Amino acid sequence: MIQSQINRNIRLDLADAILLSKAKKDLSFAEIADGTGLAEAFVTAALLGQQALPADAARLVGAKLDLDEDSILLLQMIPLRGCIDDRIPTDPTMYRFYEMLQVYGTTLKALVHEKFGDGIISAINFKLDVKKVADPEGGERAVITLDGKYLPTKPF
């Protein structure tokens, strides 16, 4: 039977413990997700308290990180989601994604309504991935793809 959380601090405390174990073992997120059959973004989000892992994946990452049975069980519980400490990120890496919404948020609304209609792009029927691409002028770029279903708003 599915089990859910109502206080994010239980899973965020678990995330800190996971990160300490990961650093002592000198592991990467890519290696932790290898063998799970699931995307690194989804498995990493689960470790950090923002998704639930199916039981086989929870057991696999739990073995890798030497987690105890209550922690393996917690990873399978549906989380109380919300990773930002107090609404607006302070960390510069996270903040730039918030700034993209301060600059482009009304343009995303306007272009979603023009291309699709009234309604939303879902954050639930939704995938994201991060890719590293060479910049032709020198250095490296991240191409982050947000891929969400359009759900319409219609009269009733």
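The first residue of the sequence shown is number 1, and the count goes up from there.
**Q** Comparing 60-68 with 83-91, which stretch shows the greater average C-alpha B-factor in the deposited entry?
**A** According to the PDB entry, the answer is 60-68.
**Q** Higher average CA B factor in the deposited record is what I'm after, so tell me if that's 111-119 or 125-133.
**A** Looking at the record's C-alpha B-factors, the answer is 125-133.
**Q** According to the deposited entry, which of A41, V103, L47, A55 has the largest Cα B-factor?
**A** By C-alpha B-factor in the record, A55 ranks first.
**Q** Per the entry's values, where does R141 land by CA temperature factor relative to the rest of its chain, in the lowest, middle or highest third?
**A** CA B-factor rank for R141: middle third.
**Q** If you rank every modelled residue in this chain by C-alpha B factor, which third holds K25: lowest, middle or highest?
**A** For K25, whose C-alpha B-factor we compare with every modelled residue in the chain, the answer is the highest third.
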